[PDB]
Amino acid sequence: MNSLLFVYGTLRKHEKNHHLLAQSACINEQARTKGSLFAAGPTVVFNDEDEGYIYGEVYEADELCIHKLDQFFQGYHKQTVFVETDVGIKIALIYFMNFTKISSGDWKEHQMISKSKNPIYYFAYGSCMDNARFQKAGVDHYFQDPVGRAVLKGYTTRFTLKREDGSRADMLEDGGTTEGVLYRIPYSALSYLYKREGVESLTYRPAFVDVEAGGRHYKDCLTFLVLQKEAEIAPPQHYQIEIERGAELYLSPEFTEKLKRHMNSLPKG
């Protein structure tokens, strides 16, 4: 009698307790619930003044797994919450212990910034595959060590950020497949990306994906995903050209052709 389980801390993929989940299927890599995240280990707190979110992952946990977790996490209680995902709202279990707030609501993002992770493997799927804006900002020197083409299973590149002149890119966790460029960057390049991606204004959020590049697997690569997703509309021309140049440089011809056809098929705002 499997149960959906939302994890936000030490149970997330590639964290120290993740092995407790055993072979539980990951249903959503990208998920959130309204509430606050604190470093105490990590815990969550829910109150009626919450205006932000806790980010995490949804797994399908069997009874054995839930017993194991109950026994491991002494002093924690559990409840269910409504979890927002790229494919709808789900009800899932969550563990909590009744510390310092993590503004981002995202434990992995907190680990990255608070430990000054260096290097960062940064996965770009749109105009960050091109270099002209980097060059204008004086940061292209950080974006000259591409690992190269990288494949991401489970996501589609879609144009879900609505702006007045057209859409901007996103990746939706909808079971498709997509490509992008993985860069090896210093920690010191990160705040440029946070500004470009409007993190502080809740335009995009930092997010994490595992990708394949050069026959090798890279874990916990940083990317950015749209927060308020809308139906797709066409990107403006200037922006579309950036995507096209970067895709032509790095990505497979078959994928680049598909991406171009998708962009060109969309209705205008």
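Residues carry their position along the shown sequence, with the first being 1.
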Next on the checklist: Does the chain run continuously from residue 26 to residue 27, or are deposited residues unmodelled in between? Answer none, 1 to 3, 4 to 9, or 10 or more.
Outcome noted: none
Next on the checklist: I'd like the number of residues from the deposited sequence that lie between residue 98 and residue 99 yet are not in the model, binned as none, 1 to 3, 4 to 9, or 10 or more.
Outcome noted: 4 to 9
Checklist entry - According to the deposited model, is the average Cα temperature factor higher in 202-210 or in 60-68? => result 60-68
Checklist entry - If you average the CA temperature factors over each stretch, which comes out higher, 99-107 or 117-125? => result 99-107
Checklist entry - From 241, 222, 226, 31, which pick has the Cα B-factor that tops the rest in the entry? => result 241
Checklist outcome for this item: From 195, 141, 158, 162, the top C-alpha temperature factor is at 162
Next on the checklist: Going by the CA temperature factor in the PDB record, which third of the chain does residue 11 belong to: lowest, middle or highest?
Outcome noted: lowest
Next on the checklist: Using the temperature factors of the C-alpha atoms in this entry, rank residue 134 within its chain: lowest, middle or highest third.
Outcome noted: middle
Checklist outcome for this item: residue 39: CA temperature factor from the record, placed by chain third, in the highest
Item to check | Cα B factor band for residue 54 (lowest, middle or highest third within the chain) | outcome: lowest
Item to check | Relative C-alpha B-factor of residue 93, binned into the chain's lowest, middle or highest third | outcome: lowest
